[PDB]
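# Topology and contacts: notes
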Amino acid sequence: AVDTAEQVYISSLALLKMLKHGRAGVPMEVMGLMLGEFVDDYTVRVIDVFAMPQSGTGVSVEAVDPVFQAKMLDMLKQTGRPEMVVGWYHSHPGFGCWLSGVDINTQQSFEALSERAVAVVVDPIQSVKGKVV
Amino acid sequence: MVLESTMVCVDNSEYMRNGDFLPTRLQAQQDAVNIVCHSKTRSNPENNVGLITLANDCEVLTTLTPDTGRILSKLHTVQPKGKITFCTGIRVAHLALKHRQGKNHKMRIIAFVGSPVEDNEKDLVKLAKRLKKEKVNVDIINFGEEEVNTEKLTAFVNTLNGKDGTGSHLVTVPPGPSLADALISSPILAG
Amino acid sequence: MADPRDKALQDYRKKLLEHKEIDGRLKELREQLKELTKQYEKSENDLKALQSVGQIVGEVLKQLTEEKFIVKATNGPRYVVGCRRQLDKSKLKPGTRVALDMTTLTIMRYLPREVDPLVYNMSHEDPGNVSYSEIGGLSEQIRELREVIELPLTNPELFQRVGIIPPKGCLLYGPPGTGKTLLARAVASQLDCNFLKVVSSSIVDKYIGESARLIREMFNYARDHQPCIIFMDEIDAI
Amino acid sequence: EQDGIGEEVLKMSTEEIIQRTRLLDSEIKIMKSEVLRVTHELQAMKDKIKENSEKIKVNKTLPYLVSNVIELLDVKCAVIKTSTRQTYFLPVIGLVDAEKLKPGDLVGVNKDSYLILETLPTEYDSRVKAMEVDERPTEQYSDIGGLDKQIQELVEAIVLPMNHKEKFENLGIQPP
Amino acid sequence: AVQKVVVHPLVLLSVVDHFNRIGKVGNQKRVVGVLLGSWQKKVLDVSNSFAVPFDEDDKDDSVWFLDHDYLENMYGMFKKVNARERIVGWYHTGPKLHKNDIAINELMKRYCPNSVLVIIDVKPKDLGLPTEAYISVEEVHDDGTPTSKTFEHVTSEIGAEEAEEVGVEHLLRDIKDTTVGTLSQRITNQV
Amino acid sequence: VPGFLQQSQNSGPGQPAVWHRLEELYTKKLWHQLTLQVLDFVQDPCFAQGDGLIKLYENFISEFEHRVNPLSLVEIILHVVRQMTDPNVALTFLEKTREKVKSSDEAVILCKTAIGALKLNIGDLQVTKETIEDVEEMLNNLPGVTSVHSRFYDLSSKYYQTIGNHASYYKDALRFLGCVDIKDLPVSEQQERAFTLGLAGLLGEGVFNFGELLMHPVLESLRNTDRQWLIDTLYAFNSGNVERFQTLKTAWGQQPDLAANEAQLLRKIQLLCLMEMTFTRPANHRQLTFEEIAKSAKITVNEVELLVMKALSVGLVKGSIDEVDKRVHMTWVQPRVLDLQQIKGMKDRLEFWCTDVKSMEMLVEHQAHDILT
Ligand SMILES: Nc1ncnc2c1ncn2[C@@H]1O[C@H](COP(=O)(O)OP(=O)(O)OP(=O)(O)O)[C@@H](O)[C@H]1O
Ligand SMILES: [Zn+2]
C-alpha cells in the first residue's frame, strides 16, 4: 500500500493548452487546474486541460474559484466527457521547477481533498530552442 | 416537485393577426404563455420553459432553459408574417427534448395552434406512432379560428395516448370573448 | 356607440393623457441607457487597457547585419535583437531610440526624441493674446524688427529673388521698463509655432557639466520642431 | 386645441372613431413592446458594468510604485521613468486619460504590469515646506498707533482686490 | 471580405478529441461545435474553440437543434478568463455535409456578421487534404438561374506561431524532417 | 354598412353564394380569407365597373384595419387604381396610400415602382431617372421579395422606349428571367418577350450574344414555330461565320431598327470571327496570316489591320501584329460558352495531359527510387 513508480499519461492537446496559457500571461503567474482520470494504482492519465480565471493574489489556493469550477465541470458533463480532476498546474517563469512556499500548501489541500493531485510546472520562457523543461 | 421539461410551442403564422377576440390574438397567446410558465414554475422551480415557433422555419429562439426573464423579453415583436408549418414542428420539438442537460425530467409538450393545418393524415399517424414508440405526451390547444372537431386533430390526439394514456386535452376555444378560464380549468392541473 | 360631436370630442382626451404619459419617460429611459453605454464603453476601454506589458526604452548603437541590431537600454546591458515584421529597418538609424519588448526584447516601436520635462516648462505658457495694439510710439522699431523675423518664416521667395541668405536674430537692449518684454508677448501671440522662453538665470546648477547639457537639450527641441523662436532674456548674467 | 375640435364638427363618421383609434392603438403597442425591452437591456448592462467594476477592483492591488512622466504621444502613448532609474513605455496609459496628465508627475505604477493608475499629490523639497507659516493670530489694527493712513492704503491695496473681484474687472483696470 | 483563415493546431486535434469523446455511444458521424476567433484586419486567425451537443435526424434532413444557453454560458466564461478571444463562426466534420448548414449559419449570424465555417477531415488523412473553409454569401445565383445561396469558398492555411512549435517539435520525435535537405528530401518534394 | 354590400351585391356572376360568404367573413373579424376573397374578386377578368363601390369598401377596411400586411393591401390597390383609369388623381391617391403606412414592411419599394409605371406615359424626364434609381437603392438586405425586382423590370421595359437604353436593358432582361421561375402566362406574350430579348442583345454595344441563351429553352421552345430568321442569325453569330446569305435574309425580313445598324452588325461579326477561328486551331500555329482572315471575314487586305486594332482595343484578345511576315499573332484571353462537341476534344486533351504527367512520374520514381528513401 505505497507508491512505486507512477507514470503520467499526457495528451497532445494537453501540453498545447499548457504552453499557450503559459505564454499568455508570462509576468503574471498563470494558474489553472488539471483534469484527468485515475485508471489504476500507479498509472495516471490526463487528456483535457482547462484554465482558471486569475486574481490579484496569483498562484495560490485563493485563486481557485470553487463555484466557477463546479459550474464549468457540470457543463463539461454533457459535452465531451465527465471526469474528475487529478491535479493542477502553474507557471514559474522566474526560475526552473520547484514547489514554492504556497505551492506546497495548495498541494496538501488537493491531496487531502482529491487522491494524489500531481502538480505540473512549466517554464514558458525556457521552451524556446527545440525543447521544453 | 414533479420533474418535467415544459416545451411550449407558439404560432407566428400569417393567420394570427385577425383578432377575433376583443384583444389581439397575439396578446391572447402571449398571456397564455404567461399563465402557463407561471404555473410550471410555482409547481416545481426545477423545470424549464422554452418557446418554439414553427411557421416558415422552426427557429429555436430561446433554449429550453429554467430561466424565464429571457423568454418574457422574447415574447414581444414576434412579427407574425409566415405560413404555418406543423408537420416538422413535432419532430423539432422532440429533438429539443432529446438534447437536455439532465436526463431525469419527464417529457410534456404543449402547443398553440391559431391557424388551420394542411397536412396528410398519413403524416400525423406516422408521427403519432413515433411518439408512442418514444413515450412522449404532446398537448394540442387551438386559438382564434378553429374548425370544430377536425378529423386530423382528433385522430392525432387519440393515437398520441391510446389505451389509457395521459389525457391530452384538446382545447377548443370559442371564437367569442372566451378568456383564459377555458385554459385554466382542465389542462393547467389536469393535463 | 353612435357618432356625436361631444362624446367623440371627449373620447380621445382621456386617451391623449395616457399616450404621452407612456411616451414621455421613454426619452428618459433612452438617455439613461445612452449614458450607461457611454459608461460601459469607458469600462471596456479600461478592460482593454488592463493588459499592457510595457516596453523597455533603449537606443540603437549600430546595425550589425540585416537582422542584428546592437542596442542598449538607458541603464542596463547591451542586447542583440531584431525587428518584428515590417518595421522598415532602413529607418533604424544608428543613434535612434526604440522601445524593446519586455520578454522577447526585440524592437516594437521606435521613438523620435526625448523632451526632458525640465525644459517642458519653457514651452507651455500664454503670452498675452496681444495684437500690436498694446504698444505705442515704437512703430519704427517694431516694423524693422518684424521685417527680419516674419519674412524668412513666411515668404523666403523674396530672399530667393535677391539671393541673399537671411540673418538669425536681433538684440533688444534698452534701459529698463521701456517695454522690451512686451514685444516677446506680441511675436508669440501672432504667427507663433514654437516659442521657448529662457530666463537665463535658472540654467546654472551645482554640478559642473549640467548647464551645457541643458543648452544642447534646448537646441535639439529646436531642431525637432520646425520654425521655432528661442527667447533668452538678460544675456548680462551668462 | 382648435384642430382637435374642428375634426369633431365637420365629419362625424369618417375619422372620429377611426383617426382617434388607429394611431393610438399603434402607439401603445410600440410603447408596451419597448417598456420591457429597454428595461431588460438596462438591467443586463447594469450587471456587465458591475462585473467589470468588480474585475477592475480585484486586479487592483494596493502596493504601488512612484515614477516620472517624461512625455506623451499618440501614434495615448507615454514614457515612464521609474524611481529605480528605469525607463518604460506603454502603448496605452491606463485608468487615467491622456489629456489630464503632464510631464513631471509622480504616478502610481504597478510593480509588474507597469500601469498608471494613481496620482500621488506630488510633494517637493522640505525648505519651502519649512517656509509655510499658517495660523496667523488676529492682531487688532488699533495696536498700531499713528500709522493709520498707511493701514488704510494697504487695505485699499489688497483687501478690496480680494473682496471686490468684479468691481475691478468691469471698470477696466488691473489691481497691482 | 475574407482573404484567408489561419487556425492554430489547437482546434484541429480537439475536434478529433471530441470525436473520440462521442464515438462510444454516438451514432451521428458528425461533430458540430462553435469556432472562436480574433478577427484582426482582413486575415482571420483562430486560437481556441469548443463543441456543443448537436444531433440531426436523417429523416427529412431539415431538423436540427443548438443549445444557445450553453453557448451563452461557456463563451462568457472564456471571455472572462481570456478577454481576447471572441466568436467568429463554427465548424463541422465529414466531407459530405448535410443541408442544414445553411440553417445553422443563418441563425448564428446574429452573433457574428462575417460568420465563417471550417471543415476538417477526421477519417480522410491519406492524400494531401488539409482543412477547408467557406463564406456566408447571399446573392441570387448568377444572373439567369433561380435564386440560391451558393456557398463560396475561401482559401485556408495552417499557420504556426512561436512558443507552440517547441511544443510541436518535441511531440514529433519520429522523423522530424530537418530543413534544407541533402538532395533526397527535395526529390520527394517533387514526387 | 351591411346594407351597403346588399345594395352593391350585384355585378358579378352568381351573386349570393359569394356575398353571403363575404358578409359572414366580414363579421368574424378575420383578415385573410376575406382578403383572398377580395383578391379573387378583382382578379375576375370582367369590366369591373364597381370601382366606386369597392373604393368605399377598401376605405371601410382601412378604417378598422390596423392588422393586415400592407403588401397585399397595396398589391390590390394598384389593381384598384388601374381599373379607375384616372391619372390626374391616381398619383395623389397612390401617394396617400404610400404615406399612410410607413411600417417595417417594405411596401414603399413597390409603391415607388407603382409611381413610375403609371407616370411613364407623359412628361418622362423629370423624376424618371430618380424614380428608377430609388428602387435600385432600396433593393438591399433582402433578395426575397422578387416582386420589387419584377416591378423594377416592368418600369424598365416602360423605360426601354427611349433613345439610349440597350445595354442595361438586356442585362435587366437576364435578371428578371432569372428571378422568375414559373411562366404563368401563355406563349402569345412570351414570343414577344424573347423577340425583344433578341433585339436588345443584338443591338448591344459590347454584348453580341454573350451565351447563356441557347441553353435556356425560354426562346427556342417558344419560337421554333414562327420567325426562324432570328434563331438562325443567332446561330451564325455563335458559329462566327459571315454567311452572307443568312445575314442578308435577316436584313430583308427585319426591316426596322436594322437598317441603321446593318454596317454595325457587319463590324461585330468581323471582330467576332477572329476569336473563334483562333479557337479552331488549338494554339499550335496561332501565328495566322492576313490572307485567312481576309478569306474568312471577307474583308480586304487594307482593313484587317484596322480590324485588329479595334479588337485589341475592345479587350477580347491581346495579341500582336507582325508585318515582316504579314502574320498576325493571337494570344486569345477571353473565353466563352462552348457546346459538348467541343468539350469532347477538351476532355481528351485533358486525358492526354493526364497520361503524360503520370507517365513522366513513373520515370522519375523509377530512376530516383534508390536515393528517394
Ligand atoms: N511702450 C509701451 N507701450 C505700452 N505698454 C508698455 C510700454 N512699455 C511698457 N509697457 C507695459 O509694461 C509691461 C511689460 O513690461 P516691460 O516689458 O515694460 O518690462 P521691461 O521693459 O522688460 O523691464 P526690464 O527692461 O527691466 O526687463 C506691460 O504690461 C506693458 O503694459
Ligand atoms: Zn509554483
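Cut-off values and rules
- Sequence order sets the numbers: each chain starts from 1, possibly unlike the entry numbering, and residues with no coordinates are not included.
- Whichever chain is written first is A, and whichever ligand is written first is 1; the rest continue in order.
- The assembly from which these chains come is larger than what is shown, and the figures reported cover only the shown chains.
- Excluding hydrogens and water, the side-chain figures rest on all heavy atoms present in the structure.
- Each helix is a run of H or I in the DSSP string that is no shorter than four residues. Each strand is a run of E no shorter than two, and both are numbered from the N terminus.
- Any two residues having at least one pair of non-hydrogen atoms within 4.5 Å are treated as being in contact.
- In this charge count, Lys and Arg are treated as positive and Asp and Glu as negative; neither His nor the chain ends contribute.
- In plain terms, the charge of a residue is placed at NZ if it is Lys, CZ if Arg, CG if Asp and CD if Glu.
- UniProt positions are given in the numbering used here, feature names are shortened, and annotations may be inferred rather than shown by experiment.
- Pairs of N or O atoms within 3.5 Å make up the polar contacts considered here, provided that, within protein, one atom can donate a hydrogen while the other can accept it, and that residues adjacent in sequence are counted only when both atoms are side-chain atoms.
- As used here, the term nonpolar core means buried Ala, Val, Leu, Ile, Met, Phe, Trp, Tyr and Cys residues forming a set that is joined through side-chain atoms within 4.5 Å.
- Only protein chains enter the accessibility calculation, which uses a 1.4 Å probe; a residue whose area is less than 20% of its type maximum is buried, one above 50% is exposed, and one in between is partly exposed.
- Once two parts are brought into contact, the accessible area they lose, counted with a 1.4 Å probe and summed over both, makes up the buried area.
- In the sections that follow, a salt bridge refers to a side-chain nitrogen of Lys or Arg positioned within 4 Å of a carboxyl oxygen of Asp or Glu.
- All residues other than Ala, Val, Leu, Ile, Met, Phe, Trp, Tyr, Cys, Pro, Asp, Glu, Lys and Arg, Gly among them, are scored as polar; the first ten of these are nonpolar and the last four charged.
- Whether two strands pair comes down to DSSP finding at least two bridges between them.
- Note on patches: the residues involved have over 30% relative accessible area and no salt bridge, like charges join within 9 Å, and the nonpolar side chains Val, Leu, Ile, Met, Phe, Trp and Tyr join within 5 Å.
- Only the protein chains shown count as cover for residues, and the accessible areas themselves come from Shrake-Rupley with a 1.4 Å probe.
- Water is not part of the atom set, so a site may look incomplete; the donors themselves are N, O and S atoms within 2.8 Å of the metal, or 3.2 Å for Na, K and Ca.
- Axes, fitted as lines to C-alpha atoms, cover a helix only where it is in contact. Angles between the N-to-C directions of the axes lie from 0 to 180 degrees.
- Given the number of residues in a helix, its expected span is that number minus one, multiplied by 1.5 Å.
- These descriptions rest on fixed angle ranges, namely under 35 degrees for roughly parallel, over 145 for roughly antiparallel, 65 to 115 for roughly perpendicular, and the rest for oblique.
- Crossings are assigned a handedness: left-handed for a near helix turned anticlockwise from the far helix by less than a right angle, right-handed for a clockwise turn.

This deposited entry lists cryo-EM as its structure determination method and 3.6 Å as its resolution.

## Looking at the overall build of chain E
When its secondary structure is counted, chain E shows five helices and seven strands. Mapped from its N terminus to its C terminus, chain E presents α and β elements in the order β-α-β-β-α-β-α-β-β-β-α-α. By principal-axis analysis of the C-alpha atoms, chain E measures approximately 55 × 45 × 40 Å. At a minimum sequence separation of 6, the contacts of chain E that also span at least 24 residues come to 60%. For chain E, the separation between the mean place of its 22 positive charges and that of its 30 negative charges on side chains is 3 Å.

## So, the UniProt feature "binding site: Zn(2+)" in chain A
Residue and element names in this part refer to chain A. Per the UniProt entry, the sites bearing "binding site: Zn(2+)" are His90, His92 and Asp103 in this numbering. Secondary-structure assignment places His90 in strand 4 (residues 84–91). Excluding anything up to four places from it in sequence, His90 contacts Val30, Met31, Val59, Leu99, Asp103, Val120, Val121 and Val122. Locating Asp103 in the fold gives a position in helix 3 (residues 103–113). Every residue in contact with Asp103, bar those within four places of it in the chain, is listed here: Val59, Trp88, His90 and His92. Within the structure, the side chain of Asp103 is placed 2.4 Å from the side chain of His90, a separation counted as a polar contact.

## Details of the nonpolar core
By size, the foremost hydrophobic cluster in this structure holds 55 residues, and its most contacted members are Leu33 of chain A together with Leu35, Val46, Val88 and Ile104 of chain E. Setting aside residues no more than four positions away along its own chain, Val46 of chain E makes contact with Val6, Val7, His8, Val11, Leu35, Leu36 and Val88 of chain E. Core analysis: the next-biggest nonpolar cluster, separate from the first, contains 29 residues, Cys9, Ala93, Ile140 and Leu153 of chain B among them.

## Things to note about the interface of chain D and chain C
The interface of chain D with chain C comprises 46 residues on the first partner and 49 residues on the second. Contact between chain D and chain C buries roughly 4,200 Å² in total, counting both sides, with carbon and sulfur atoms accounting for 66%. When the buried surface of chain D facing chain C is broken down by residue, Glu8, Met31 and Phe89 of chain D rank first, second and third, together holding 14% of it. Taken together, the links from chain D to chain C amount to one salt bridge. On inspection of chain D and its partner chain C, the count reaches nine residue pairs in polar contact. Elements with a contribution of two residues or more to the side of chain D that touches chain C: helix 1 (2–9), helix 2 (19–35), helix 3 (37–59), strand 2 (67–73) and strand 4 (87–90) of chain D. At 11 residues, the largest contribution of residues to the side of chain D that touches chain C is made by helix 3 of chain D. The residue makeup of the side of chain D that touches chain C, split by class, is 23 nonpolar, 11 polar and 12 charged. Here strand 1 (residues 55–63) of chain C runs beside strand 4 of chain D; their pairing, made up of two bridges, is antiparallel. Counterpart to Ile56 of chain C in the pairing with strand 4 of chain D is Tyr88 of chain D.

## Things to note about a nonpolar patch on the surface
A grouping of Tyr141, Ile144, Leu147, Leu154, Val155, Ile158 and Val159 of chain D is seen on the molecular surface, where their side chains present a nonpolar patch of about 600 Å² in accessible area. When you line up the elements, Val155 of chain D lands in helix 5 (residues 148–163).

## Quick word on the coordination of the zinc ion (ligand 2)
Residue and element names in this part refer to chain A. In this structure, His90 (NE2), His92 (NE2) and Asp103 (OD) serve as the protein donors to the zinc ion (ligand 2), at separations of 1.7 to 1.9 Å. Sequence spacing of the donor residues for the zinc ion (ligand 2), all on one chain, is H-x1-H-x10-D. Of this pair, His90 sits in strand 4 while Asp103 is found in helix 3, placing the two residues 13 residues apart along the sequence. Comparing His90 with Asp103, the two get one shared label, buried.

## Structural notes on the sheet that holds strand 7 (residues 152–157) of chain E
Pairing between the strands of a sheet comes from backbone hydrogen bonds, and it takes one of two forms, parallel or antiparallel. Residues and elements named next belong to chain E. The sheet built from seven strands is open, its strands ordered 1-7-6-5-4-2-3 with mixed pairing. Of all strands in the sheet, those with a lone pairing partner are strand 1 (4–6) and strand 3 (49–51), marking the two edges. Within this sheet the neighbouring strands show an average axis-to-axis angle of 30°, counted without direction.

## Points about helix 1 (residues 10–22) of chain E
Taking 1.5 Å of rise per residue, the 13 residues of helix 1 of chain E would be expected to cover 18 Å, and the 19 Å separating its terminal C-alpha atoms lies within 8% of that figure. Here helix 1 of chain E has its buried residues at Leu10, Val11, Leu13, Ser14, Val15, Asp17, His18 and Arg21 of chain E. Looking at the packing, one finds that the buried side of helix 1 of chain E touches helix 1 (12–24) and strand 3 (43–51) of chain A together with strand 3, strand 4 (86–93) and strand 5 (116–120) of chain E.

## Quick notes on helix 5 (residues 70–84) of chain F
All names here are of chain F. Between its first and last C-alpha atoms helix 5 spans 20 Å; for 15 residues at 1.5 Å apiece the expected length is 21 Å, and the two agree. Taken residue by residue, helix 5 has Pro70, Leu73, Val74, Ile76, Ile77, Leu78, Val80 and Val81 as its buried positions. Two residues or fewer after helix 5 comes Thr85, characterised by a positive phi angle close to 55°.

## Focus: the side chain of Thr93 of chain E
Residue and element names in this part refer to chain E. For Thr93, the position within the fold is in strand 4. Judged by relative accessible area, which is 3%, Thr93 ranks as buried. Residues in contact with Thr93, not counting those within four places in the same chain, are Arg30, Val31, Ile120 and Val122.

## Focus: the packing of helix 4 (residues 121–134) of chain B against helix 5 (residues 151–160) of chain B
All names here are of chain B. Their axes nearest at 9 Å, the elements helix 4 and helix 5 cross at an angle of 15°. By the angle class used here, helix 4 and helix 5 are roughly parallel. In this structure, helix 4 crosses over helix 5, and the sense of that crossing is right-handed. Across the interface between the two elements, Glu121, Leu124, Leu127, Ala128, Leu131 and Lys132 of helix 4 pack against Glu151, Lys152, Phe156, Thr159 and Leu160 of helix 5.

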